[PDB]
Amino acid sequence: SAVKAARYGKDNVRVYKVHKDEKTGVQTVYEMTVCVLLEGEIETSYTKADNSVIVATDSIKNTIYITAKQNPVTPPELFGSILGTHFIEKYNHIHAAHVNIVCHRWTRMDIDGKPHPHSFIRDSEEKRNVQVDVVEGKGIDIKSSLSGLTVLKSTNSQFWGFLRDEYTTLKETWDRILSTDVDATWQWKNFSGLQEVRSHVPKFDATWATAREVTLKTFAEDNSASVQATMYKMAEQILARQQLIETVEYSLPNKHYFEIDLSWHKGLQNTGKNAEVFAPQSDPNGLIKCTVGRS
C-alpha cells in the first residue's frame, strides 16, 4: 500500500478580533471560525511513525492567533491568503495550505436612530465564507461564498410544463410559494501570489455585496418559471458585473409548503385561489445546483 493523498491540520478554531479607533471611540468586531489543513512531504508520519515532519496541529492553532494579531482579518479573502502563504513559505516541506473561513455576523446596533460605538447584534445566521488554496508554484485559488440566506416569496412562482409519465403525481401550478436557503459561490481567477491578492483588495467586499444584492433582487422580482430558471438569471448577472470571477455556483433547496385540503370539514375552502393556511414540510426537499461560467 501507498499514501495517495494526505492532509491534516486544525478545524473549528474560533477567533474574535476588535479594532478600536482611539480618535472616534468607535469599536468594530470580527468573529470567524477557521480551518487550516496542510499538505506536503508528510507521508512518513503515516507510514513510518516519523513525527519530525509534523507541524503540530496545536502550533497551527497558535499561528492562526498570531497571524490575526499582526494582520488585518478583513476582507477574509486577504486574511486567508496571508495565513496560507505563511505555511508554504515558513516550512520547506509543506507545499499546500487549505484555509476555510466562516465569518459570523456582528452588526452594529442602532440605538435611538444612532449607530452605537461598541454594541452589536447577530442579525441572522447568514455567513460569508472563503476557501483559499495556496499551492507552492501554482499561486492562490480563492472561492468566496455566502450561505444561510433564507428567503420566501408568497406568490409569483410557477411550475408547469414538466415531464409527465407513470411516475408523476405532481399537479402543474401557476401560483405557489417559493422558499430557499441560498448557498452561492464565486470563484476568482487564479492569483499569482500575495502581491496580486493585495492589489485587488477593494473588489472582495464589493463583489460580496453585489452577489448578495443580485440574489435578493432577482429572487424578489423574477416571475419564476422554476428554481433552475431563476438561479441562472442570478449567476448571469454576477458574471456580468465582475470580470475577475470565472464561475458562479448556486446550490438551492426547494423548501416545500403544501396546501391543506380542509373541504372534509364543513366544506371549508383552502385550496387553489382560496389557499391561506399551508403546512411547511421539513423533508424531503428539492435540491437544485448549477455552475455558470463564461462562453
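So that there is no doubt, residue numbering starts at 1 and follows the sequence shown.
As listed in the deposited structure, the average C-alpha B-factor of 144 to 152 and of 83 to 91 is greater for 83 to 91.
When the C-alpha B-factors of 198 to 206 and 95 to 103 are averaged, 198 to 206 comes out higher.
Across the options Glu126, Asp181, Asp222, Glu77, the residue with the most elevated CA B-factor in the record is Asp222. The entry assigns its greatest Cα B factor, within the set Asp58, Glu249, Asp50, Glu31, to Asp50. When the modelled residues of the chain are ordered by their C-alpha B factor, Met234 lands in the middle third. In the deposited entry, the Cα temperature factor of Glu276 places it in the middle third of its chain's modelled residues.
Ranked by Cα temperature factor within the chain, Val3 sits in the highest third according to the deposited record.
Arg241: CA B factor in the highest third of modelled residues in this chain (values from the PDB entry). In this PDB entry, the Cα temperature factor of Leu216 sits in the middle third of its chain's modelled residues.
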